[PDB]
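# Chain and residue survey
Here are the chains, one letter per residue:
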Amino acid sequence: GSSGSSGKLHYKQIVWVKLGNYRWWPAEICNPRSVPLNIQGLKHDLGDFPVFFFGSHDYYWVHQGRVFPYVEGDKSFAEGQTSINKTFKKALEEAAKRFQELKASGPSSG
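The notes below deal with the structure included here.

Here is what the cut-offs are and how they apply
- Residues numbered from 1 in each chain as written, not as in the entry; some residues may be left out.
- Heavy atoms only, no water.
- Helix = DSSP H or I, 4+ residues; strand = E, 2+ residues; numbered from the N terminus.
- Rg over C-alpha atoms; globule rule 2.2 N^0.38 Å.
- Buried < 20%, exposed > 50% of the residue type's maximum accessible area, 1.4 Å probe, protein only.
- Contact = heavy atoms within 4.5 Å.
- Areas by Shrake-Rupley, 256 points an atom, 1.4 Å probe, with all protein chains shown as cover.
- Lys, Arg positive; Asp, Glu negative; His and termini not counted.
- Charge placed at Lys NZ, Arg CZ, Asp CG, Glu CD.
- Core = buried A, V, L, I, M, F, W, Y, C linked by side-chain atoms within 4.5 Å.
- Pairing = 2+ DSSP bridges.
- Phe/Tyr/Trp six-rings, centres within 6.5 Å; stacked < 30°, edge-to-face > 60°.
- Axes fitted to C-alpha atoms, helices over the stretch in contact; angles between N-to-C directions.
- Expected span 1.5 Å × (residues − 1).
- Arc of directions from axis to C-beta.

The next point concerns the overall build of the protein. Each helix and strand counted, the protein has two helices and five strands in total. Secondary structure elements in the protein, listed N-terminal to C-terminal, are β-β-α-β-β-β-α. Its C-alpha atoms give the protein a radius of gyration of 15 Å, within 12% of the compact-globule value 13 Å for 110 residues. Each principal axis of the C-alpha distribution contributes one length, and for the protein these read about 40 × 30 × 25 Å. Out of the 110 residues belonging to the protein, those deemed buried represent 25%. Sequence separation of at least 24 residues holds for 50% of the intrachain contacts in the protein that already meet a minimum separation of 6. For the protein, the exposed surface amounts to about 8,300 Å²; the carbon and sulfur share of it is 48%. Taking the average location of the 14 positive side-chain charges in the protein and that of its 10 negative ones, the two points are 2 Å from each other.

Written as structure tokens, this is what we have:
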């Protein structure tokens, strides 16, 4: 916001999506004005914001605190000799792109 700001996730932000077990899935918080009504229509309570699931490409409303901040200069978890080859990877790549895109965007508020 302005003066004293540091908390709660903000739209257009790369984070980690919790699915279950040691397995996870990257995603980026999106805005309700961005996603289609189809998503908007989705009910909610509070905090829960629209997020886009990479690889799959699906929007959902998930509370906050369950998602983690995706780092760039580091990983040590999902990278280093891999012979899986699945949607995940596709998501990983996308998740990366976005992160690179977000930061790589014209100046407009913020």
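By size, the foremost hydrophobic cluster in this structure holds 19 residues, and its most contacted members are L9, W25, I29 and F54. Counting only elements with at least two residues in this core, the list comes to strand 1 (13–18), strand 2 (24–29), strand 3 (49–53) and helix 2 (87–103).

Okay, the pairing of strand 3 next. Sheet faces and side chains relate simply in a regular strand, where the side chains alternate between the two faces. Among the five residues that make up strand 3, five are buried, leaving the element largely enclosed by the rest of the structure. On strand 3, burial covers both faces: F49, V51 and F53 on one face and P50 and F52 on the other are all buried. Taken together, the three bridges between strand 2 and strand 3 define a ladder with antiparallel strand orientation. Looking at the pairing, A27 lines up with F53 of strand 3. Where strand 3 meets strand 4 (residues 58–62), five bridges bridge the pair, whose relative direction is antiparallel. Directly across from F52, in strand 4, lies its bridge partner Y59.

Attention now moves to the packing of aromatic side chains. Per the counting criterion, the structure on display carries seven aromatic pairs. Between the aromatic rings of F53 and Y60, the centroid separation amounts to 4.9 Å while the plane-to-plane angle is 90 degrees, which identifies the pairing as edge-to-face. Cluster of aromatic residues (ring-pair linked, three or more members): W16, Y70 and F99.

Even without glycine at this site, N21 takes up a positive phi of about 60 degrees. In this structure, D74 takes a positive phi of about 155 degrees despite not being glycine.

Turning our eyes to something else, we now look at the sheet that holds strand 5 (residues 68–69). The antiparallel open sheet is built from five strands, whose spatial order is 4-3-2-1-5. With partners counted over all chains shown, the strands left at the sheet margins are strand 4 and strand 5, one partner each. Across the sheet, helix 2 lies against strand 1, strand 2 and strand 3, angled at about 30 degrees from strand 2, the strand it touches most.

Next up on the list: helix 2. If you check helix 2, its first and last C-alpha atoms are 24 Å apart, about what 17 residues at 1.5 Å a residue would give, namely 24 Å. For helix 2, every residue scored as buried is listed here: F88, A91, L92 and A95. Projected onto a plane normal to the axis of helix 2, the buried residues spread over an arc of 105 degrees and lie on a single side. More than 90 degrees from the buried face of helix 2, the exposed residues found are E93 and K97. Each element contacted by the buried residues of helix 2 is listed here: strand 1 and strand 2.

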